[PDB]
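Trainee: sequence plus experimental coordinates follow:
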Amino acid sequence: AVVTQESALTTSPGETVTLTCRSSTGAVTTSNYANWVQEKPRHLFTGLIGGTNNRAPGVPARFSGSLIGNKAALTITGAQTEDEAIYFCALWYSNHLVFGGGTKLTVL
Amino acid sequence: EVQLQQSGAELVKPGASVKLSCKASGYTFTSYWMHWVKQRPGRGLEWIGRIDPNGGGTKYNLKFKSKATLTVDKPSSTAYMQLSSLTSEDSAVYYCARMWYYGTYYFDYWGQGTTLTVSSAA
Ligand SMILES: O=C1C(=O)c2cccc3cccc1c23
């Protein structure tokens, strides 16, 4: 099972931007418990969202999770300059976790 | 308040073993799962496995079952990952990351990371 993300996406500050997480085995479901993790420069990692839509405590409410079509999605509603980073998603397959390649989000 | 402190940089020879540590604090150690993740340049993140500090129960990525050994020490609130039969493919930065698992599964706090370089003695 292979998880694919957008390689890199551009947005402007204040705009809304959606990252996606695709499964090779088919459509992503709640039983994949999609996770989203953020990497900022200097290898600073922060869990954002797991189980599709549940935010970790302290995580800004502008990050939200959902299923759109056949994919899990991270939407950022009102992108901030500090949100410029790499976003990894992770799907659960019933006995193991698989990370996608990660998306580089640039904020103009 | 919550903090995960992983051990300092490591320099080990091919074929040897290494035990990396992850000291947890600012919370009840046994209440959260601990994961270990592998970061190599150009290869993104790679799940190694998770442990449950309550009972030591584990779950591994199949590709790392012959490679990684997860344990915990409850008294010192420290999770360990031993890597064995080391090669150059093991050279990476390894992270511990805790997870909440009631009704949903999400990571939150991640450790700073520990760098391993598998290097021959010239
Ligand atoms: O059910 C599990 C489980 O045993 C495990 C382990 C590690 C990571 C997980 C993410 C989502 C869901 C699940 C995870």
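Mentor: Ah, there it is. Numbers count the residues shown, from 1 in each chain, chains lettered A, B, ... in the order given.
Trainee: can you get me a residue count around residue A:7?
Mentor: Residue A:7 is flanked by 9 other residues according to other CB atoms under 10 Å in any protein chain shown. Backbone N, C-alpha and C define where each C-beta goes, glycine included.
Trainee: so it makes contact with residue A:100?
Mentor: No. In this structure, residue A:7 is not within contact of residue A:100 by CB atoms under 8 Å, at 10.5 Å.
Trainee: state the phi and psi torsions of the residue nearest the centre of chain B.
Mentor: Nearest to the mean C-alpha position of chain B, by CA atoms, centre = their mean, lies residue B:36 at 3.4 Å. As for residue B:36, its main-chain torsions (degrees, to the nearest 10) stand at phi -130, psi 140.
Trainee: for it, which non-adjacent residue is spatially closest?
Mentor: Distances taken as CB to CB, 6 or more residues apart in numbering or on different chains place residue B:48 nearest to residue B:36, at 4.3 Å, with adjacent residues excluded.
Trainee: wait, that neighbour sits on residue B:39?
Mentor: No. Counting by CB under 8 Å, residue B:48 stays clear of residue B:39, with 10.7 Å between them.
Trainee: which one of those two is surrounded by more residues?
Mentor: Applying other CB under 10 Å to residue B:48 and residue B:39 shows that residue B:48 carries more neighbours, namely 23 against 19.
Trainee: show me the contacts for that one.
Mentor: The contact partners of residue B:48, taken as CB atoms under 8 Å, 6 or more residues apart in numbering or on different chains, are B:35-38, B:60-61, B:64, B:67-68, B:81, B:94.
Trainee: doesn't it belong to a helix?
Mentor: No. Using DSSP: H, G, I helix; E, B strand; the rest coil, the assignment for residue B:48 is strand, not a helix.
Trainee: run through the bridge partners of residue B:19.
Mentor: residue B:82 (DSSP bridges).
Trainee: likewise for residue B:114?
Mentor: What pairs with residue B:114, by the bridge criterion (DSSP bridges), is residue B:94.
Trainee: do I have it right that it meets residue B:93?
Mentor: Yes. Under the criterion of CB under 8 Å, residue B:114 makes contact with residue B:93 at 6.8 Å.
Trainee: quick check: closest non-adjacent residue to the closest residue to chain A within chain B.
Mentor: Of all residues in chain B, residue B:106 sits closest to chain A, at 2.4 Å by CB to the nearest CB. Using CB to CB, 6+ apart and skipping the chain neighbours, the partner closest in space to residue B:106 is residue A:50 (2.4 Å).
Trainee: before we move on, the earlier item: more crowded one of residue B:114 and residue B:93?
Mentor: Comparing residue B:114 with residue B:93 by other CB under 10 Å, the one with more neighbours is residue B:114, at 21 against 17.
Trainee: distance of that one from residue A:107?
Mentor: Computed as CB to CB, to the nearest Å, the residue B:114 to residue A:107 distance reads 30 Å.
Trainee: same check on residue B:66?
Mentor: Distance from residue B:66 to residue A:107, by CB to CB: 42 Å.
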